[PDB]
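Asks: Sharing a structure, written as structure tokens. Questions coming.
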Amino acid sequence: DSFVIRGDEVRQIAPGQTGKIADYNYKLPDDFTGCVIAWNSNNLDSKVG
Amino acid sequence: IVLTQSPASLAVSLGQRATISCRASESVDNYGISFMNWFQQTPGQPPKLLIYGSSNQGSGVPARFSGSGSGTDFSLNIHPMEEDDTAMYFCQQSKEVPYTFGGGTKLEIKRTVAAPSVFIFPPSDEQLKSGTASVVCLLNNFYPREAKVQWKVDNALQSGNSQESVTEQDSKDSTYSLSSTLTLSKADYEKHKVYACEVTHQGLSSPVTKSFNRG
Amino acid sequence: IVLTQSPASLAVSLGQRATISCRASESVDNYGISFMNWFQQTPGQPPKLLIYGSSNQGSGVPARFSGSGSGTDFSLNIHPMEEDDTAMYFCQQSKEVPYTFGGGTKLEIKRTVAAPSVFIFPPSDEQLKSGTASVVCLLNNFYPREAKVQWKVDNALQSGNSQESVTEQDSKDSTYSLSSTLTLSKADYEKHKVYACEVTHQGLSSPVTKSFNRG
Amino acid sequence: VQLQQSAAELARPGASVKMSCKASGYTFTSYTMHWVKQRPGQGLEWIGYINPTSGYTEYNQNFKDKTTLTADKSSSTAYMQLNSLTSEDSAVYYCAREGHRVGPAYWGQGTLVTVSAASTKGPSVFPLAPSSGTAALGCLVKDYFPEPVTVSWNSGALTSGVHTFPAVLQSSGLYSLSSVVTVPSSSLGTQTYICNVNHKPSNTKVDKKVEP
Amino acid sequence: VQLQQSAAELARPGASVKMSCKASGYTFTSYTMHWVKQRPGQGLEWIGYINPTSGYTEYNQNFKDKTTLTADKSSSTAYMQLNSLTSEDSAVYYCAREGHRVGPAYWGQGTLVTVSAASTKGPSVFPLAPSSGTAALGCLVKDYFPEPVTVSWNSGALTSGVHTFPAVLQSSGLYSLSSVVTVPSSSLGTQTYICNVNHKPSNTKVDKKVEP
């Protein structure tokens, strides 16, 4: 799975996390035998204006 | 790791079980051992280690404090409740580099419900000379901490003009004291006749109104 | 809810931080999000949404405008202020049913304090034929808006007989202009000899009197 | 998203006035329509909102008695009616489309509603001749109703140093403004200065001459 | 094992503060030193830790920019530098020593960092007079900076029933507290009641009479 998130919300992509993204957008299961790979893309995603 | 600390406001009488329960988002268990730790903070004192690991007790910690649990759920229990246990208790994790503390549980001793002594202080004359007015509503010797104060200026509720200060639990009286200051300009204070304080508390069967006219 | 807008008359130089603050009597936050809102109104244009929510920016809002705050306290900041930012800025609440607006801040260009070009003007003779006498005191190219105008008829202060009109700032000069008009009947105008206007302005080390004898 | 309204409604006290806001660029039913009051150069007050799909109207406590809101989805237009007009009702009313969790979000041009028992009257102009460096002169336009007045000088031949000040309403219910200019002293005698006043509701076009 | 810290540093917004932790009772070269933040009456947030022997600093993500950790094994003293101080930074910072597999294990007293634009100001003390069983009276201390103010009655001659409420920071940036006492109704006539207030930063020792 892949998406774009705000930096302060990268902490919410994890098992047993609360917050708007975790509670209403993307909820990881408690088991979750897997990895989360997040990198900053301020140069690519953010545009002028 | 986010630690959620169930009940964070606990009132238990002396000699009774008191449980503060910390639940972790992820397993704090690593290398087989548990890294959940419990700290105690006496008012005016730095936090002190009570429980290092899930169950091992810190140096100079009485047998009353006992920590238990595993995985993501842990609990701290103090059965022989004593006067020296009124403090703030934190749960902390050492499994991951960013150490996260719990919300903190304020533990206080319990006593029977008492009605508040409600008193009203009009502002002093020299205060009116300074162009400011502060009216005080006072609650003396009331338990528990829950209390609602409402300012009625000529039968009009005020919002965003009152500041409440609550003293800590008394060492012997174990009854709270509350003060509410209503601040206004002198011209605005002199524009209304009656000033009243509404007190809502568990110990009263009905809200108590104490009022005074200006002058 | 009552929203109070601190500084409601702001003058800041180009390229300098400009802050307009909105304080709320009650909490504007609900459902986690913030409902404090910021509007901009250029004179002669309907107000346009700048900041919906505490920090989110409206459609086509440059990065210069920023919103911040929570609970009861919010602030609108414009650090790289530019020419088109001279407008009236409002803070509004969306939390409760009756939407309440703030007092509004008129954002203005700062410049060096300048003295006013003072002039006096008797009523025209054809106006005297019309039974009216309007004596005009003119202040051209002065900054700031602070200016006290007093009419002296035979060295007697006039009040309740003068109307003052302030123009908007010049696009390039950024200096205000004022006219004070004293209106009387010809019977009162012909019963006195000398008419003067005294101007007190921050840029003047002493009050400036402009006088004329009738005729 | 463009909103259009009626313009410049003049009424006598005690009457009722209806303003129409015509929607464009959206369904007109997905979003409620709000009406907001603003006195000239003052703070704003939210009057009340209506849901076009189901005619539920919520009013402010101040305007509940005197304001009535109606909607027409067939023509996609919202109507606002005011009754028992007083001088305090003179304002610039705005219609706004709800969006971005803002009550009034996308506003419309504005309807200027003026409550007065006066009548359309022609202005009287008195040229402020210069008093006996740079000199000052101008013209005074008085006792006109209603706004606005188009003031020009020498058919636009003099643009620098002009200052047309906003009018002030008198206790009689009429408007007056003074237009002023600073000019070189050398042109006081040879160059002529003419002030053109235009009052289009009464169609008064007047040239007045300034000479010291 | 005891740790000694600085005492109650005050700074203007945007300034920087350097804080010293002096180890005592251990080598100081075998235990990493942690720094923790605590707002008054709030939760604990671990700021970051430094290794004394090898200068490896690891900071919390929130405090990575504005915090610098240094160590000095020669004097056995750790240092913490806060830069770009704001109102959010006023708190009670704690120094801790590693122990028992806990990051912060042995804490040292606590240092109060106060960031504000205000200045040292003298308290203003007003008598809260009794109204016309047990009656109530007191004194009110308003507009003082910084904390604390020592308030007593008759120079400590009355202690029973004396409630000194904690100070609250007003919107103006100043502190105010009310010190109240309940007294017998009979004592109003004869017993004299005076409140003594001491503010060392302003060096004010003021005594006010309170009478019905």
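Asks: Answer with yes or no whether B:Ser177 is of a type in the set (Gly, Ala, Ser), under 23 Å from B:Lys110 (Cα atoms) and surrounded by fewer than 13 Cβ atoms within 10 Å (Cβ to Cβ).
Replies: When the stated conditions are applied, B:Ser177 does not pass them.
Asks: Which one is farthest from B:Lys186 (Cα to Cα) among residues in segment B:111-120 that are within 10 Å of another protein chain (Cβ to nearest Cβ) and not aliphatic (A, V, I, L, M)?
Replies: It comes out as B:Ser117.
Asks: Sticking with this structure for a sec: On the basis of being closer than 30 Å to E:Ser87 by Cα, of a type in the set (D, E, K, R) and either surrounded by fewer than 19 Cβ atoms within 10 Å (Cβ to Cβ) or in contact with a helix residue (DSSP H, G or I) (Cβ under 8 Å, 6 or more places away or on another chain) (or both), does E:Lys209 make the cut?
Replies: Against the criterion (closer than 30 Å to E:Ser87 by Cα, of a type in the set (D, E, K, R) and either surrounded by fewer than 19 Cβ atoms within 10 Å (Cβ to Cβ) or in contact with a helix residue (DSSP H, G or I) (Cβ under 8 Å, 6 or more places away or on another chain) (or both)), E:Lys209 does not qualify.
Asks: Regarding segment D:193-204, can at least one residue be identified that is part of a loop (DSSP other than H, G, I, E, B), within 21 Å of C:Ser134 (Cα to Cα) and under 16 Å from the mean Cα position of the chain (by Cα)? Quick ask: steps written out before the conclusion?
Replies: If we filter segment D:193-204 for residues that are part of a loop (DSSP other than H, G, I, E, B), which is where we start, we get D:200-203.
In the following step, the residues that additionally are within 21 Å of C:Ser134 (Cα to Cα) were identified as none.
No.
Asks: Continuing with the same structure: For segment D:148-159, state whether one or more residues are at the interface with chain C (Cβ under 7 Å from one of its Cβ atoms) and either closer than 23 Å to C:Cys137 by Cα or of a type in the set (A, V, I, L, M, F, W, C) (or both).
Replies: No: zero hits.
Asks: Restricting attention to segment E:4-58, report how many residues are over 25 Å from E:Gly173 (Cα atoms) and either assigned to a loop (DSSP other than H, G, I, E, B) or more than 14 Å from chain B (Cβ to nearest Cβ) (or both).
Replies: Adding up the residues that qualify gives 18.
Asks: Right, something else. Could you check segment B:9-58 and list, in sequence order, the residues that are among the small types (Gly, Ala, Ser), more than 9 Å from every other protein chain (Cβ to nearest Cβ) and in a strand (DSSP E or B)?
Replies: The answer is B:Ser9, B:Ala11, B:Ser21, B:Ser34.
Asks: Hey, does segment E:97-105 have a residue that's touching a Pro at 6+ places or on another chain (Cβ under 9 Å), within 14 Å of chain B (Cβ to nearest Cβ) and either assigned to a loop (DSSP other than H, G, I, E, B) or not basic (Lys, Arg) (or both)? Let's see the steps before the verdict.
Replies: Residues of segment E:97-105 touching a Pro at 6+ places or on another chain (Cβ under 9 Å): E:97-98, E:104.
Filter once more, keeping what is within 14 Å of chain B (Cβ to nearest Cβ): E:97-98, E:104.
Pick out the ones that are also either assigned to a loop (DSSP other than H, G, I, E, B) or not basic (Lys, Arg) (or both) and you get E:98, E:104.
Yes, the conditions are met somewhere in segment E:97-105.
Asks: Still on this structure, please answer the following. Say we look at segment B:1-22 and pick out the residues that are under 22 Å from the mean Cα position of the chain (by Cα) and farther than 28 Å from B:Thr112 by Cβ; which of these is surrounded by the fewest Cβ atoms within 10 Å (Cβ to Cβ)?
Replies: B:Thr4
Asks: Here's another thing I want to ask about it. Any chance segment B:182-197 includes a residue that's assigned to a strand (DSSP E or B), within 22 Å of the chain's Cα centre (by Cα) and farther than 21 Å from E:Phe126 by Cβ?
Replies: No: segment B:182-197 contains no residue that is assigned to a strand (DSSP E or B), within 22 Å of the chain's Cα centre (by Cα) and farther than 21 Å from E:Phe126 by Cβ.
Asks: Could you please find all residues in segment E:1-19 being polar (S, T, N, Q) and either touching a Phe, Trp or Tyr at 6+ places or on another chain (Cβ under 6 Å) or loosely packed, with under 13 Cβ neighbours inside 10 Å (or both)?
Replies: E:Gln2, E:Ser16
Asks: For segment C:167-182, check the following and say yes or no: at least one residue is among the aliphatic types (A, V, I, L, M) and under 15 Å from D:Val180 (Cα atoms).
Replies: yes
Asks: Also, quick follow-up: For segment E:125-135, give me the residue count where each residue is within 8 Å of chain B (Cβ to nearest Cβ) and surrounded by fewer than 21 Cβ atoms within 10 Å (Cβ to Cβ).
Replies: Residues flagged as within 8 Å of chain B (Cβ to nearest Cβ) and surrounded by fewer than 21 Cβ atoms within 10 Å (Cβ to Cβ) within segment E:125-135 amount to 3.
Asks: Which of the residues belonging to segment C:186-210 are surrounded by 12 or more Cβ atoms within 10 Å (Cβ to Cβ) and within 12 Å of C:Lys152 (Cβ to Cβ)?
Replies: C:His192, C:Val194, C:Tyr195, C:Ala196, C:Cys197, C:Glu198, C:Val199, C:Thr209, C:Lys210
Asks: Restricting attention to segment B:143-180, which residues are within 10 Å of another protein chain (Cβ to nearest Cβ) and of a type in the set (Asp, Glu)?
Replies: B:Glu164, B:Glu168, B:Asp170, B:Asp173
Asks: Considering only residues that are over 22 Å from the mean Cα position of the chain (by Cα) and charged (D, E, K, R), look in segment B:143-164 and name the one that is surrounded by the most Cβ atoms within 10 Å (Cβ to Cβ).
Replies: Step by step, filter segment B:143-164, then rank; the result is B:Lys152.
Asks: Are any residues in segment C:63-80 over 26 Å from the mean Cα position of the chain (by Cα), over 17 Å from C:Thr100 (Cα atoms) and outside any strand (DSSP E or B), and if so, which ones?
Replies: If the condition is that a residue be over 26 Å from the mean Cα position of the chain (by Cα), over 17 Å from C:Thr100 (Cα atoms) and outside any strand (DSSP E or B), then C:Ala63 is the only one that fits.
Asks: Pairs only if they're at least six apart or on different chains, beta carbon under 7 angstrom, first in segment C:143-157 and assigned to a loop (DSSP other than H, G, I, E, B), second of a type in the set (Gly, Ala, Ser); list them, first residue then second.
Replies: C:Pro144/C:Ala11
Asks: Between D:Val168, D:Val113, D:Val183, which is within 10 Å of chain C (Cβ to nearest Cβ) and among the β-branched types (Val, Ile, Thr)?
Replies: Numbers: D:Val113 fails: within 10 Å of chain C (Cβ to nearest Cβ); D:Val183 fails: within 10 Å of chain C (Cβ to nearest Cβ).
Being within 10 Å of chain C (Cβ to nearest Cβ) and among the β-branched types (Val, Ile, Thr) holds for just one of D:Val168, D:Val113, D:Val183, which is D:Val168.
Asks: Moving to a separate point now. Every residue in segment D:193-209 that is among the basic types (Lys, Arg) and closer than 10 Å to D:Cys139 by Cβ, please. Quick ask: steps written out before the conclusion?
Replies: Initially, segment D:193-209 is screened for residues among the basic types (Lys, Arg), giving D:200, D:205, D:208-209.
If the condition is that a residue be among the basic types (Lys, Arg) and closer than 10 Å to D:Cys139 by Cβ, then D:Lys208, D:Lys209 are the ones that fit.
Asks: Oh, and also: Determine which member of the set E:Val92, E:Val125 is assigned to a strand (DSSP E or B) and either under 18 Å from the mean Cα position of the chain (by Cα) or not β-branched (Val, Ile, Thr) (or both).
Replies: E:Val92
Asks: Can I ask one more? Among residues belonging to segment B:87-110 that are β-branched (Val, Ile, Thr) and not in a loop (DSSP other than H, G, I, E, B), point out the one that is nearest to the other protein chains (Cβ to nearest Cβ).
Replies: Within segment B:87-110, the match that is nearest to the other protein chains (Cβ to nearest Cβ) is B:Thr100.
Asks: Collect the residues in segment A:1-30 that are part of a helix (DSSP H, G or I) and either surrounded by fewer than 15 Cβ atoms within 10 Å (Cβ to Cβ) or within 12 Å of chain B (Cβ to nearest Cβ) (or both), keeping them in residue-number order.
Replies: Looking only at segment A:1-30, we keep the residues that are part of a helix (DSSP H, G or I), and these are A:7-12, A:20-25.
The answer is A:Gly7, A:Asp8, A:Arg11, A:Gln12, A:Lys20, A:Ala22, A:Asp23, A:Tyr24, A:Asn25.
Asks: Given the options D:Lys121, D:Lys142, name the one that is crowded, with 16+ Cβ neighbours inside 10 Å and away from chain C (no Cβ under 11 Å).
Replies: Answer to the check: D:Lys121.
Asks: Let me ask something else about it. I'd like the full set of residues that are of a type outside the set (A, V, I, L, M), under 23 Å from C:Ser117 (Cβ atoms) and not in a strand (DSSP E or B), limited to segment D:161-191.
Replies: Within segment D:161-191, D:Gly161, D:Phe165, D:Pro166, D:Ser185, D:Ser186, D:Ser187, D:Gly189, D:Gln191 qualify.
Asks: Please work out which residue is nearest to E:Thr57 (Cα to Cα), limiting yourself to segment E:20-40 and to residues that are surrounded by 19 or more Cβ atoms within 10 Å (Cβ to Cβ) and under 17 Å from the mean Cα position of the chain (by Cα).
Replies: E:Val36
Asks: Looking only at segment B:121-142, filter to residues that are facing another protein chain (nearest Cβ under 7 Å) and surrounded by 17 or more Cβ atoms within 10 Å (Cβ to Cβ); which one of those is nearest to E:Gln170 (Cα to Cα)?
Replies: B:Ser134
Where a number appears in this text, it was derived from the coordinates with a stated rule and is not lab data. Don't worry about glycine lacking a Cβ; one is built from the backbone with ideal geometry, like all the others, and counts go over all protein chains shown.
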